[PDB]
J.: 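Below you will find the structure I want to go over with you.
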Amino acid sequence: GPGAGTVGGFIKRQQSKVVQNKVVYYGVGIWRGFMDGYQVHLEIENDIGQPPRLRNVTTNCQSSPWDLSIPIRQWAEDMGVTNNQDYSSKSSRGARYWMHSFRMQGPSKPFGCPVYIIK
Ligand SMILES: CN1CN([C@@H]2O[C@H](COP(=O)(O)OP(=O)(O)OP(=O)(O)O)[C@@H](O)[C@H]2O)c2nc(N)[nH]c(=O)c21
């Protein structure tokens, strides 16, 4: 169901180390791929010990980017990525939507992760 067909991968891998026989990721990661035919760019970040946070969504889906909320939520579930953190003061101007709790709102609700549209 959700996320069916999503394909992509990290173009910028997070930094990593092995702690207690487990890999731990930290720093900035950039994932790029396709969802429903559209290009999607997702950035995550965390310090060592904090779960990765969704800090940027960029897509070429201009006509209905809200249709990406379900596959982004599923991608994030698979990855352990959270969407509670507010990046509104740390983001470049030009966001067209904001994602928080994996739901999308328009520019009058600037809280959470910015959603940029590029084509
Ligand atoms: C680079 N990776 C890989 N990875 C986790 O490992 C899964 C498989 O990643 P992969 O890109 O297929 O393999 P890869 O890490 O390149 O393996 P290898 O380099 O040993 O060949 C990913 O779906 C994800 O769960 C990651 N998870 C987080 N949070 N951040 C990251 O940068 C990365």
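Note that these values count all heavy atoms, side chains included, but never hydrogens, waters or copies made by symmetry. The chain is numbered in sequence order, starting from 1. In listed order, ligands and their atoms are each counted from 1.
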J.: Looking at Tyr116 and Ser91, what are the two nearest heavy atoms and their distance?
T.: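 So the minimum-distance heavy-atom pair works out to OH-CB, 3.4 Å.
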J.: Please check if a non-hydrogen protein atom sits closer than 4.0 Å to atom 16 (O) of ligand 1.
T.: yes
J.: For atom 18 (P) of ligand 1, what is the nearest protein heavy atom, given as residue, atom name and distance?
T.: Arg13 NH2, 4.2 Å
J.: Is it true that the side chains of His41 and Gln39 contain a donor and an acceptor less than 3.5 Å apart?
T.: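 On atom types as modelled, these side chains do not qualify, holding no pair under 3.5 Å.
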J.: Within a distance under 4.0 Å of any heavy atom of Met79, pick out the atoms of ligand 1 and give their elements.
T.: 24 (C), 25 (O), 27 (N), 28 (C), 29 (N)
J.: Any chance you could pull the hydrophobic cluster mates of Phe10, using side-chain heavy atoms under 4.5 angstrom and chaining through other members?
T.: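 Answer for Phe10: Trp31, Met35, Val40, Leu42, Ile44, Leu54, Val57, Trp66, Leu68, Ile72, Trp75, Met79, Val81, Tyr97, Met99, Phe102, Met104, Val115, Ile117.
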J.: Taking atom 4 (N) of ligand 1 as the reference point, report whether a protein heavy atom occurs under 4.0 Å from it.
T.: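 Yes, because at least one protein heavy atom sits under 4.0 Å from atom 4 (N) of ligand 1.
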J.: What protein heavy atom is closest to atom 6 (O) of ligand 1, reported as residue, atom name and distance in Å?
T.: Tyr25 OH, 4.0 Å
J.: Using a distance threshold of 4.0 Å (strictly less than), state whether atom 13 (O) of ligand 1 has a protein heavy-atom neighbour.
T.: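 Answer no: nothing from the protein, no heavy atom, is under 4.0 Å.
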J.: Determine the sole option in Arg53, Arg55, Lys90 for which the salt bridge (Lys or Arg N to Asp or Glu O under 4.0 Å) test with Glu45 is passed.
T.: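 Passing option: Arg55.
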J.: Between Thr58 and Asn56, does any side-chain donor sit less than 3.5 Å from a side-chain acceptor?
T.: yes
J.: Could you work out, with side-chain hydrogen bond (donor to acceptor under 3.5 Å, both in side chains) as the rule, every residue matching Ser88, not counting sequence neighbours?
T.: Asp86
J.: Okay, side chain of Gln105, backbone of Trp98: is any donor-acceptor separation there less than 3.5 Å?
T.: no
J.: Under the 4.0 Å line, does any protein heavy atom show up next to atom 27 (N) of ligand 1?
T.: yes
J.: Suppose we measure from atom 32 (O) of ligand 1 to each protein heavy atom; which comes out shortest, and what is that distance?
T.: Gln14 N, 2.8 Å
J.: Does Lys12 reach ligand 1 with a nitrogen or oxygen that is under 3.5 Å from one of the ligand's nitrogen or oxygen atoms?
T.: no
